[PDB]
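J.: Sequence unavailable; structure follows:
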Ligand SMILES: [Zn+2]
Ligand SMILES: [Zn+2]
Ligand SMILES: [Zn+2]
Ligand SMILES: [Zn+2]
């Protein structure tokens, strides 16, 4: 469907990053970490993106 | 072991620790004449049921 | 020897083995021996290992030397009851801390006597057998298809295969491969029928002929030599014919090992000396032997495809890895990572290192959780092994230790083979039922003897070795097997048999080994194995040159320096495993083998006592031989849930939750077996003055009436303990926590309740009466204070400060409470006759009998007819006599006591011969037109009191991700309105109410875009500003009400790139 | 003070049951009717116990 | 698994920690008192309530559509006894025939000949 | 008059505060209970 | 059971149909209250004795 | 898990039948009634009673 | 776990009777209950079933 979903968009160019209520953090009072699962494979991806570009310049 | 107790009036309703009774026998018309009962039995009520 | 005699024998048994033999026996076997063989095998490194040292309990803490540790402490301080391991390494050395097994050998308890223990605060009655990791008591659970055996299965009409024979093989000691042999048989029962077999690592399958030539047999008929043992059996031979043709194309050992794909030929060998039927041996010059097997196999196949032998019985029980073994397969996995670890330090030194923490911490992980297999990205293990030892009641703990598992309609069954070894009744309802078995009283598990002292002892008493065999000179040659290996045959065996059997009885071939002679097939079974359940029996032997008789006599009995070890060293009793059982004949009643008793209908052994086929559970059930079996099975479970005394040291125990029945009471009726279940000294209940009748109609539908008056005199009251515990965490980076009485001070992070009952040490005193939420402990983080669970309250009962290995401040608190029986609490007898309280009347209101005597309990006559549990009815009668007579009333299983008898004994005392008594209605005093079954019966006060369940919520703590309520009553949760509840409302056409998923849960106001139907809108709710740049709007916007779970459904879908557009108007029409 | 192996309220129970004299029990008043905050000689009996 | 596994009841606040339900309404939920627990939900709108009382009231449920017959009768004690009380041999005298009529709330206030 | 902590075995009234170690006037055994309260506890006879 | 059970002819089934949800719903409590009360006084029980067979 | 069915003004405890409760009643432990509420709008018919219940 | 003052069932005292009983056994070698005045089984079962744990508890140190 030319308007709502064109064949091409099945490949992602720019990745939609979902917000906090989605991947909430759970701190252990104040001075302790606590981060969601997704709030990681977002960062794992982010990092796998950074290095890539820094190999193409 | 050091205590200090305080006793009070009260009755068995409020608590069993009160009632001075403790078991009380009651029976009437040992020979079932009033027929306020129907004896269980296999053959003979009278012989099988303690007098 | 009469019946009443066999009891002393049994007494003799536990005097020496004790309820938890298995556990300990199997542990020592790992320490003592096993542990050595494991460290000494594929050790030596391109540096070798020798004897290993196993010291007693120690505590290596910084700020102190090495304190010689004890059970009761590690318990309180949450430590680890383990000791050191040293090994004489070659170019003395420390390698890990091994968690010892309480009551074992390295556990100091093993020696200390009565008085000795009372001083270690350790309850004498504690039979031990468990480990104490990081505090909590962990119990290793037995893990139950045997190995190294030939099986033949028919495979369904739809399949290129007709029949197939398999044999699962694994080295009883050494790595232990799990690769099976498949000797198929293609060609269904028609088509013009080859035989091919599967080998480990080989892509396709090979036609048996080749497997032989590739083995060392190159000519035909010399191949048929091995398979068939009777040249005059043309049928079988015929079958083989087509097969020979298959391999007719490969005529020698060269090609033989080839077709298996110089480079390739060499590998061929390998898969035959280390993979092919790897048991037997993976040596080299034994090719011959394996060949006779593959021959005995191809034989077994056909023996069936020709209707001469049935398909193998998959569930023939005769065909249990306790604690000791488990540590084994576990240790190896560990020590082996240490092995190749020590290999790296040696692979860097271009010219100490051994991190003895992998064997200490590795062991802990498993034993702590229940996941055997390592940790790492390897969850591909099994959880269950090692649990949290029960402590509800004594009979609860016993049961727990004597437990078995079984990884997942036929297995759950109570097989025949199960007789004697496992208890028929005790086994969990629902879910896993039959996958969890408990041991009988007499059962024990094998441990692991040595083969050779019997292999030798054989090939020197008639065993002409297999190596050189001739099928025709030796026709009906009885072949013999050793632990699943074929060590040659034997000529006349009748004697070989009654010699080994005489050898065991003097005690020169461990009473634990199994020897089975199957004349009906001509074979000799030899078993040393570790994990074979066995029971003990009296030997019969027609050894009476004075008649026709139990070797044991009334002289041996009254003679009981005469243990159970002697009852065995004289050949008066034997240890019969399930396999050997097959070929013996057991007599029930020793003796024997009235219009009241139950009608009763070559011997080699007699039964110590039938009432021994029961395990801990049923052993406490009175007349289990009088109730509907499925009921006994229930009580078999509720017992592990009654109240009592689980130890005596309890007053010095800091465990979360524990209940003690104010005043116990050994039952008015008992099992002779109870005597070994220390039950009389640690009862699970009290003897209540029962009264089975209808009254207010509040004893209806399994709800019972309990006499308040006596509930006051303390009947069925119980103490309840609890222990909240905390630590003071630190960081290698000197930043420590605190135990104080915090207030204000820049943070606010505090609780709602009060801290005032907190002395300045951040603790309460043991006198304090705490309640509601009152802060029990005070900790801070430069609040982390602990609050009494919201539903609870009571009084502090004992506070204690302590060190941690890391010199941290350890503090546990214990709170007590007396719990009174209430109009809702659950109870039950020992007959699946469970019921809860419906109301509570007093003495007046209560119905009564002339004597005065009044019931404590009134259960409904209706809980009898369909439950069928009659023994219940009997225990009452009997116990009403034992009440009056002062003599203990025996209810024990299959004895010589009858309902007709007891009834006569009750008539001698004064009351109706059947129990029934006259009663006068407590309200009016007028007699009851009927009579009642009034009589003392034992009743266990199962845990599960109302006030621990009663829960009600209205808008409480909401979840984060979903925004729906939260789970569980403890965290103030809310009951779920799951699917099924949905359905109903929909059936009712209760449209609105159901819609009312929103009001009672989620709900939420999201702002959609009138154009790109999304939850984008930047709604700054005040200055009205709405917007949604990207779609640049501020004019067309809608607000909607949906379940946040759903709002989330969408945000989620989006981040996965799918777009859930929300539109407020239908455009598509219809 | 209490170092007994029995708990506080366990003993407390016990004493509730211990039978006390109640002869002239009728010439005493229920703590509920007595105008004294808590208790007194006119409506209670105090006891000591040291062991 | 029933339309009747959920029914609207008249609330009666009572003491003691437990939901006290009538016997005859036992088999619909299929409960017993050996420990069985029950969930309770509270309507919130004026209609929500109505919808609960006009279609889910226990009285409306007495005749089950699945088997076109009622689905709640007289169980245990009440049944068992109602039998006895019926036999020609069962007789009651004035003193009790009175305390019995009293227990019937709708009693017209007239003792039958 | 006065008591703070006790020992699991040699019940000898101790008394301490932060950093003063967590042992006893002899027995190394580092347990210790926090002795009863001063404020009397009142009970009911039922 | 036959005359007052969750059965077809059921006096209940009939009272529901003839009088209504309400009237019949009350009917229970009554038939109950009278009977339960009565039983409270006439008593009823069961014991091993109910399970033994004649001598011959 | 969260949409076709969610946890939801609800309570649950142990049942025991009562032979003195109209067929359609259901005895609720005071405790519970004092926990579960019901939003009743103020109206000149119930103001009087509500202002009492509130005090 | 100590002796129960007064019998649950009927109420008759029974605290004192413990030592009397546990004595009429050891020595007089004896029925005991009957002379101790414990008639009907309600109180009977009380004594005849008590398992005095307190003894073992008492065997503990501090
Ligand atoms: Zn838009
Ligand atoms: Zn006063
Ligand atoms: Zn000390
Ligand atoms: Zn008594």
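T.: Sure thing, it's come through. Residues are numbered from 1 along each chain as shown, chains lettered A, B, ... in the order given. Ligands and ions are numbered 1, 2, ... in the order given.
J.: Chain A: helices as residue ranges?
T.: A:38-41, A:43-53 (DSSP state H).
J.: and if you look at chain D?
T.: D:8-17.
J.: Near chain F, which residues of it are found?
T.: D:1, D:8-9, D:12-13, D:15-16 (C-beta under 8 Å from any C-beta of the partner chain). In this view, the C-beta of every residue, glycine as well, is placed from N, C-alpha and C.
J.: could you redo the last one with a cut-off of 6 Å?
T.: D:9, D:12, D:16 (C-beta under 6 Å from any C-beta of the partner chain).
J.: does the last one really touch residue F:43, like I thought?
T.: Yep, that's residue D:16 we're talking about. No. With contact defined as C-beta atoms under 6 Å, residue D:16 does not count as touching residue F:43 (9.2 Å).
J.: So those two - more neighbours on which side?
T.: residue D:16 (22 against 17; other C-beta atoms under 10 Å in any protein chain shown).
J.: give me the residue from chain F nearest chain D.
T.: The nearest approach of chain F to chain D comes at residue F:45, 2.9 Å away (C-beta to the nearest C-beta).
J.: same check, this time on chain E
T.: Closest point on chain E to chain D, by C-beta to the nearest C-beta, is residue E:17, at 20.9 Å.
J.: just checking, that residue touches residue H:29?
T.: Yes. Between residue E:17 and residue H:29 a contact is recorded at 5.0 Å, counting by C-beta under 6 Å.
J.: Please list all residues in contact with the residue of chain E found nearest chain A.
T.: Per C-beta to the nearest C-beta, residue E:44 is where chain E lies closest to chain A, at 26.3 Å. Shown in contact with residue E:44 (C-beta atoms under 6 Å, 6 or more residues apart in numbering or on different chains): C:996, C:999.
J.: now swap in residue I:50 and tell me
T.: By C-beta under 6 Å, 6+ apart, the contact set of residue I:50 is residue I:3.
J.: For my notes, confirm it occurs in a helix.
T.: No. With DSSP: H, G, I helix; E, B strand; the rest coil as the criterion, residue I:50 is located in coil rather than a helix.
J.: Tell me the spacing between it and residue F:1.
T.: Plainly put, residue I:50 is 41 Å away from residue F:1 if you go by C-beta to C-beta, to the nearest Å.
J.: For the residue of chain I found nearest chain G, grab phi and psi.
T.: Nearest residue of chain I to chain G: residue I:41, at 16.4 Å (C-beta to the nearest C-beta). Residue I:41 has phi and psi values of phi -40, psi -30 when expressed as degrees, to the nearest 10.
J.: Chain neighbours aside, what residue packs nearest to it?
T.: Closest residue in space to residue I:41, ignoring its immediate chain neighbours: residue C:883 at 3.7 Å, by C-beta to C-beta, 6 or more residues apart in numbering or on different chains.
J.: and the residue of chain E closest to chain D, how many neighbours?
T.: 20.
J.: cool, and residue C:717?
T.: Neighbours of residue C:717 (other C-beta under 10 Å): 19.
J.: Surely it touches residue C:662?
T.: Yes. Using C-beta under 6 Å, residue C:717 is in contact with residue C:662, at 4.2 Å.
J.: Flag every residue of chain F that's near chain D.
T.: With the criterion set to C-beta under 6 Å from any C-beta, chain F comes near chain D through F:43, F:45.
J.: cutoff 10 Å now
T.: Within chain F, the positions adjacent to chain D are F:11, F:36, F:41-46 by C-beta under 10 Å from any C-beta of the partner chain.
J.: tell me what the helix or strand residue C:167 falls within is packed against?
T.: When elements are assigned from DSSP states H and E, residue C:167 belongs to strand C:161-169. Applying 3 or more C-beta pairs under 10 Å, 6 or more residues apart in numbering or on different chains; DSSP states H and E, one finds that strand C:161-169 contacts strand C:149-154, strand C:179-186, strand C:196-198, helix C:287-305.
J.: So what's the gap between that strand and the chain middle?
T.: 31 Å (C-alpha atoms, centre = their mean, to the nearest Å).
J.: And for stretch C:442-457?
T.: Going by C-alpha atoms, centre = their mean, where stretch C:442-457 is centred and where its chain is centred differ by 25 Å.
J.: same deal with stretch C:528-545?
T.: 27 Å.
J.: To what extent is the residue in chain A that chain B sits nearest to buried, counted in neighbours?
T.: Chain B sits closest to residue A:29 of chain A, with a gap of 43.7 Å, by C-beta to the nearest C-beta. Residue A:29 has 12 neighbours, counted by other C-beta under 10 Å.
J.: tell me the contacts of it?
T.: Applying C-beta atoms under 10 Å, 6 or more residues apart in numbering or on different chains, one finds that residue A:29 lies in contact with C:747, C:749, C:780-781, C:783-784.
J.: Of those residues, select the buried ones using a PyMOL command.
T.: Command for PyMOL that selects the buried part of the contacts of residue A:29, burial taken from 16 or more other C-beta atoms under 10 Å in any protein chain shown:
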select buried, chain C and resi 780+781+783+784
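J.: Could you export the helices and strands packed on strand C:161-169 as JSON lines, including mean neighbour count and distance to residue C:924?
T.: Formatted as JSON lines, those follow (neighbours: other C-beta atoms under 10 Å in any protein chain shown; distance: least, C-beta to C-beta, whole Å):
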{"stretch": "strand C:149-154", "mean neighbour count": "17", "distance to residue C:924": "74"}
{"stretch": "strand C:179-186", "mean neighbour count": "19", "distance to residue C:924": "78"}
{"stretch": "strand C:196-198", "mean neighbour count": "20", "distance to residue C:924": "85"}
{"stretch": "helix C:287-305", "mean neighbour count": "20", "distance to residue C:924": "79"}
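J.: For the ones you listed, could you give me CSV that also reports distance to residue C:705?
T.: Output for the helices and strands packed on strand C:161-169, formatted as CSV (distance: least, C-beta to C-beta, whole Å):
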stretch, distance to residue C:705
strand C:149-154, 59
strand C:179-186, 62
strand C:196-198, 69
helix C:287-305, 64
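J.: closest one to ligand 2 among these?
T.: With C-beta to the ion, the closest approach to ligand 2 among the helices and strands packed on strand C:161-169 belongs to strand C:149-154: 86.6 Å.
J.: partner strands of that closest one, parallel or antiparallel?
T.: strand C:161-169 (antiparallel) (DSSP bridges).
J.: Measure how the strand it pairs with sits relative to helix C:287-305, angle-wise.
T.: With axes from the mean of the first three to the mean of the last three C-alpha atoms, to 10 degrees applied, the angle from strand C:161-169 to helix C:287-305 works out at 140 degrees.
J.: measure the residue in chain E that ligand 3 sits nearest to to residue C:467 for me?
T.: Nearest residue of chain E to ligand 3: residue E:17, at 45.9 Å (C-beta to the ion). Plainly put, residue E:17 is 79 Å away from residue C:467 if you go by C-beta to C-beta.
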